[PDB]
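*Asks:* My questions will all concern the structure given below.
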Amino acid sequence: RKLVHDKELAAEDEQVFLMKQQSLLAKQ
Amino acid sequence: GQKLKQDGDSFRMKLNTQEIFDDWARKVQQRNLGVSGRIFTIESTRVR
């Protein structure tokens with residue numbers, strides 16, 4: 001039952017976040 | 001003396017200043033500067 005570390009911290013490349021926020025600003 | 005005074009008056013008339021103020025105010029109104037909108041803008045650029 002030796003626990004292993006779960007999913008590590010992701011990067012979420014800046015381009016994807018920027019384009020998602022482009023979309024959010026567009027529809028607001 | 002009168003020649004000097006009329007030279008000075010003509011120079012002062014050539015030295016008027018309110019016209020530039022009016023022109024700048026008119027340009028400011030025409031361009032309609034402002035800041036109202038979003039906190040910051042995200043835009044599209046094809047960086048070389």
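Convention: chains lettered A, B, ... in structure tokens order; per-chain residue numbering from 1; ligands numbered from 1 as shown.
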For chain A, work out the contacting residues on chain B at 9 Å, counting only C-alpha atoms, and write them as a list in words.
*Replies:*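 Only these qualify: residues 38, 41, 42 and 43 of chain B.
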*Asks:* Let me see the file: selected residues, N, CA and C atoms, as an mmCIF file, in the first residue's frame.
*Replies:*
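Final file, result_37.cif:
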```cif
data_model
loop_
_atom_site.group_PDB
_atom_site.id
_atom_site.type_symbol
_atom_site.label_atom_id
_atom_site.label_comp_id
_atom_site.auth_asym_id
_atom_site.auth_seq_id
_atom_site.Cartn_x
_atom_site.Cartn_y
_atom_site.Cartn_z
ATOM 1 N N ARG B 38 -12.160 47.135 -21.448
ATOM 2 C CA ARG B 38 -11.735 45.983 -20.670
ATOM 3 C C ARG B 38 -10.557 46.361 -19.775
ATOM 4 N N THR B 41 -6.480 43.956 -22.787
ATOM 5 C CA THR B 41 -6.888 43.350 -24.044
ATOM 6 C C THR B 41 -5.921 42.245 -24.442
ATOM 7 N N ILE B 42 -6.471 41.171 -24.997
ATOM 8 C CA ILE B 42 -5.692 40.083 -25.570
ATOM 9 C C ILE B 42 -5.929 40.077 -27.074
ATOM 10 N N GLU B 43 -4.845 40.081 -27.845
ATOM 11 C CA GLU B 43 -4.923 40.311 -29.278
ATOM 12 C C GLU B 43 -4.112 39.263 -30.027
#
```
*Asks:* Tell me, in Å to one decimal, how far atom CA of residue B:22 is from atom CA of residue B:35.
*Replies:*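 Result for atom CA of residue B:22 versus atom CA of residue B:35: 23.1 Å, one decimal.
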*Asks:* Please report the interatomic distance between atom CA of residue B:45 and atom CA of residue B:30 in Å with one decimal.
*Replies:* 28.3 Å
*Asks:* Mind the document's chain letters and residue numbers, and return as a short mmCIF file (atom, residue, chain, number, x, y, z; two decimals) with N, CA, C and O atoms, in the first residue's frame the residues of chain B that DSSP labels helix (DSSP H, G or I).
*Replies:*
```cif
data_model
loop_
_atom_site.label_atom_id
_atom_site.label_comp_id
_atom_site.auth_asym_id
_atom_site.auth_seq_id
_atom_site.Cartn_x
_atom_site.Cartn_y
_atom_site.Cartn_z
N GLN B 2 5.72 105.96 -33.19
CA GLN B 2 4.55 105.28 -33.74
C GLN B 2 4.96 104.15 -34.66
O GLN B 2 4.30 103.10 -34.71
N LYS B 3 6.07 104.32 -35.40
CA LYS B 3 6.57 103.22 -36.22
C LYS B 3 6.96 102.03 -35.36
O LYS B 3 6.64 100.88 -35.68
N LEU B 4 7.65 102.29 -34.24
CA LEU B 4 8.02 101.22 -33.33
C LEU B 4 6.79 100.54 -32.75
O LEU B 4 6.73 99.31 -32.64
N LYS B 5 5.79 101.33 -32.36
CA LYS B 5 4.60 100.75 -31.75
C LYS B 5 3.83 99.90 -32.75
O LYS B 5 3.30 98.84 -32.39
N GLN B 6 3.78 100.32 -34.02
CA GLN B 6 3.05 99.53 -35.00
C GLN B 6 3.83 98.28 -35.39
O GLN B 6 3.24 97.22 -35.64
N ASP B 7 5.17 98.36 -35.42
CA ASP B 7 5.97 97.15 -35.58
C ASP B 7 5.71 96.16 -34.46
O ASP B 7 5.52 94.97 -34.70
N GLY B 8 5.70 96.65 -33.22
CA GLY B 8 5.44 95.78 -32.09
C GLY B 8 4.05 95.17 -32.13
O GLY B 8 3.87 93.99 -31.84
N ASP B 9 3.05 95.97 -32.50
CA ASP B 9 1.69 95.47 -32.59
C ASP B 9 1.56 94.41 -33.68
O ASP B 9 0.91 93.38 -33.48
N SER B 10 2.19 94.65 -34.84
CA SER B 10 2.16 93.66 -35.91
C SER B 10 2.84 92.37 -35.49
O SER B 10 2.35 91.27 -35.77
N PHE B 11 3.99 92.48 -34.81
CA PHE B 11 4.68 91.28 -34.34
C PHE B 11 3.83 90.52 -33.33
O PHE B 11 3.75 89.29 -33.36
N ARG B 12 3.17 91.25 -32.41
CA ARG B 12 2.31 90.60 -31.43
C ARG B 12 1.14 89.90 -32.10
O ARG B 12 0.76 88.79 -31.70
N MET B 13 0.55 90.53 -33.11
CA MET B 13 -0.52 89.87 -33.87
C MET B 13 0.00 88.61 -34.54
O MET B 13 -0.68 87.58 -34.54
N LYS B 14 1.19 88.68 -35.13
CA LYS B 14 1.82 87.47 -35.67
C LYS B 14 2.17 86.48 -34.57
O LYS B 14 2.39 85.30 -34.86
N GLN B 18 -3.88 81.62 -29.30
CA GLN B 18 -5.10 80.87 -29.00
C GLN B 18 -5.50 79.95 -30.15
O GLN B 18 -6.24 78.98 -29.93
N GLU B 19 -5.03 80.23 -31.36
CA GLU B 19 -5.38 79.40 -32.50
C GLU B 19 -4.86 77.97 -32.33
O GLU B 19 -5.57 77.01 -32.65
N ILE B 20 -3.64 77.82 -31.83
CA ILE B 20 -3.08 76.49 -31.62
C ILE B 20 -3.87 75.76 -30.54
O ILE B 20 -4.10 74.55 -30.64
N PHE B 21 -4.28 76.47 -29.49
CA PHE B 21 -5.11 75.87 -28.46
C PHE B 21 -6.42 75.35 -29.05
O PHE B 21 -6.84 74.23 -28.76
N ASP B 22 -7.07 76.17 -29.88
CA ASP B 22 -8.32 75.74 -30.50
C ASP B 22 -8.10 74.54 -31.40
O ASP B 22 -8.91 73.60 -31.40
N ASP B 23 -7.02 74.55 -32.17
CA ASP B 23 -6.73 73.42 -33.06
C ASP B 23 -6.50 72.14 -32.26
O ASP B 23 -7.01 71.08 -32.63
N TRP B 24 -5.75 72.23 -31.17
CA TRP B 24 -5.49 71.05 -30.36
C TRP B 24 -6.76 70.52 -29.71
O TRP B 24 -6.99 69.31 -29.66
N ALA B 25 -7.61 71.42 -29.21
CA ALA B 25 -8.88 70.99 -28.63
C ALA B 25 -9.75 70.32 -29.68
O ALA B 25 -10.39 69.29 -29.41
N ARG B 26 -9.80 70.89 -30.88
CA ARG B 26 -10.59 70.30 -31.96
C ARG B 26 -10.06 68.92 -32.33
O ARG B 26 -10.84 67.99 -32.57
N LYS B 27 -8.74 68.77 -32.39
CA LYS B 27 -8.16 67.46 -32.69
C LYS B 27 -8.46 66.45 -31.60
O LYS B 27 -8.74 65.28 -31.89
N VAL B 28 -8.42 66.88 -30.34
CA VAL B 28 -8.74 65.99 -29.23
C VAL B 28 -10.18 65.52 -29.34
O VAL B 28 -10.48 64.33 -29.17
N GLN B 29 -11.10 66.44 -29.62
CA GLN B 29 -12.50 66.07 -29.79
C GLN B 29 -12.68 65.13 -30.98
O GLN B 29 -13.45 64.16 -30.91
N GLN B 30 -12.00 65.41 -32.10
CA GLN B 30 -12.15 64.58 -33.28
C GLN B 30 -11.65 63.16 -33.04
O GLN B 30 -12.30 62.19 -33.44
N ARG B 31 -10.50 63.02 -32.37
CA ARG B 31 -9.95 61.69 -32.15
C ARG B 31 -10.71 60.94 -31.06
O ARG B 31 -10.78 59.71 -31.10
#
```
